[PDB]
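**Student:** Chains as they are written, first to last, in full-length UniProt numbering: chain A, 683 to 820; chain B, 516 to 561, 683 to 815. Ideal placement from N, C-alpha and C gives every residue a C-beta, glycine not left out.
(1) Identify, in the order they occur along the chain, each residue of the same chain with its Cβ nearer than 6 angstroms to the Cβ of residue 742/A, setting aside the five sequence neighbours on each side.
(2) Mind listing which residues of the region 703-733 of chain A have their C-beta closer than 7 angstroms to chain B's C-betas, in chain order?
(3) Between which two residues does the alpha helix (DSSP H) carrying residue 555/B extend?
(4) Which first and last residues belong to the alpha helix (DSSP H) in which residue 722/B is found?
(5) For residue 694/B, return the contacting residues in chain A, with the cut-off set at a CB-CB distance below 8 angstroms.
(6) Could you say if the region 705-722 of chain B and the region 703-716 of chain A meet the contact criterion of at least three C-beta pairs nearer than 8 angstroms?
(7) Among all the DSSP beta bridges, which residues are the ones paired with residue 749/B?
(8) Where does residue 739/A fall in DSSP's three states?
(9) Does residue 796/B pass the burial test, meaning 16 or more other C-beta atoms within 10 Å, or should it be called exposed?
(10) With a threshold of 8 angstroms between beta-carbons, can residue 776/A be considered close to chain B, or not?
(11) Mapping DSSP to helix, strand and coil, what is residue 810/B?
(12) Thinking C-beta only, is residue 771/A closer than 8 angstroms to residue 684/A?
(13) Between residue 543/B and the rest of its own chain, which residues show a CB-CB distance below 6 angstroms, the 5 nearest in sequence each way excluded?
(14) Express the C-alpha separation of residue 800/A and residue 766/B in angstroms, rounding to a whole number.
(15) Compute the Euclidean distance between the alpha carbons of residue 728/B and residue 810/A, then round it to the nearest angstrom.
Set out below in structure tokens:
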């Protein structure tokens with residue numbers, strides 16, 4: 683099992699994500715039948731396949747057979763901080779994350795030029811390295 | 516090609532293009548002389685139908701950018717084709733290749749499948765021995781050469797290529813580059 687399709691070949695391992703998740707947003711707004719049927723499964727029994735936060739979901743992952751869907755960086759960090767947990771499957775979907783800005787906000791230009799300065803100077807690589815550092819796993 | 520032919524700024528567009536139902540209303544196609552259809556290519560580590689690949693994504697697959705298979709997939713009503721369409725559209729188009737050579741490199745490095753016209757598949761098969769055409773055609777559709785809509789020269793071109801057709805010159809013509 684290295685993606686959701688062996689969890690589409692068989693469905694008896696209950697799976698879900700965190701409530702108000704962008705993932706489930708994508709599941710419901712996609713017209714792919716496979717991810718729509720994942721949406722159908724997770725909606726069932728009063729939508730108990732959504733969890734109020736990441737931490738209860740990950741600790742249910744430790745004991746119950748819970749296939750949990752989250753973003754990449756958290757998975758990488760938890761794997762670097764725990765070798766008793768190893769991710770399952772590669773990248774199921776790629777989406778970019780931007781900076782939240784009010785609609786009509788006149789602050790767009792200044793923050794845009796500032797982040798252009800950041801990307802041309804490339805300290806973002808340093809801050810990615812600083813916190814997402816790990817020690818691997820044997 | 517399509518916008519140039521609609522604007523009638525290019526007299527001819529001899530790039531090969533299949534005959535589909537939706538682009539017959541903007542340009543004139545020539546009568547098909549070679550049959551074609553969508554087919555799948557498999558890389559070997561040295683699938684049994686479209687439906688089988690429709691129920692798994694463990695093996696990466698794609699299509700050439702801006703083709704007819706994508707539009708066929710969106711316009712179909714059975715689960716296989718729309719699943720193909722949505723997987724093509726998802727992943728932010730990363731399962732698709734902008735050019736055919738990108739798909740070729742994908743096939744060479746890892747197990748990559750393409751949903752494209754058959755003669756490309758058997759072209760790669762005849763020019764690469766680590767792969768072979770899988771099964772037969774899934775559909776059949778026309779073939780033609782891009783010509784301006786309502787262009788009188790189109791009739792003369794069709795007559796000339798037909799006259800080439802009875803003599804069978806194009807058969808051995810395609811054969812000498814089938815070697």
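**Tutor:** In short:
(1) Sequence index remark: in the first chain, residue 742/A carries index 60 (1-based). Closer than 6 angstroms at the Cβ level, and outside the excluded window around residue 742/A, lie 748.
(2) If the cut-off is 7 angstroms between Cβ atoms, the region 703-733 of chain A has 712, 713, 714, 715, 716 near chain B.
(3) Stepping through the second chain from its first residue, residue 555/B is reached at position 40. No alpha helix (DSSP H) holds residue 555/B; the beta strand (DSSP E) holding it covers 553-558.
(4) In the second chain, counting from the first residue as 1, residue 722/B sits at position 86. Element bounds for residue 722/B: 715-725.
(5) The residue given as residue 694/B occupies position 58 in the second chain. Those are 684, 685, 687, 688, listed as they occur along chain A.
(6) Yes, since at least three Cβ pairs between the region 705-722 of chain B and the region 703-716 of chain A fall closer than 8 angstroms, the two stretches touch.
(7) In the second chain, counting from the first residue as 1, residue 749/B sits at position 113. Bridge partners of residue 749/B: 697/B.
(8) Locating residue 739/A in the first chain gives position 57, counting from the first residue. Looking at residue 739/A - three-state DSSP - the assignment turns out to be helix.
(9) Taking the second chain and counting its residues from 1, one reaches residue 796/B at position 160. By the 10 Å Cβ count, residue 796/B comes out exposed.
(10) Numbered from 1 along the first chain, position 94 holds the residue referred to as residue 776/A. For residue 776/A, the nearest CB of chain B lies under 8 angstroms from its own CB, placing it at the interface with that chain.
(11) Position 174 of the second chain, counted from the start, is the residue given in the question as residue 810/B. The DSSP-derived three-state label of residue 810/B is helix.
(12) Locating residue 684/A in the first chain gives position 2, where the first residue counts as 1. Locating residue 771/A in the first chain gives position 89, where the first residue counts as 1. Yes. Within cutoff.
(13) As a first step, residue 543/B must be located in the second chain, where it is residue number 28. For residue 543/B, the CB contacts under 6 angstroms within the same chain, skipping 5 residues up- and downstream, are 783, 785, 790 in chain order.
(14) Stepping through the second chain from its first residue, residue 766/B is reached at position 130. Stepping through the first chain from its first residue, residue 800/A is reached at position 118. Approximately 47 angstroms, taken between the alpha carbons.
(15) In the second chain, residue 728/B corresponds to position 92, counting from 1. In the first chain, residue 810/A corresponds to position 128, counting from 1. Here the C-alpha atom of residue 728/B lies approximately 23 angstroms from the C-alpha atom of residue 810/A.
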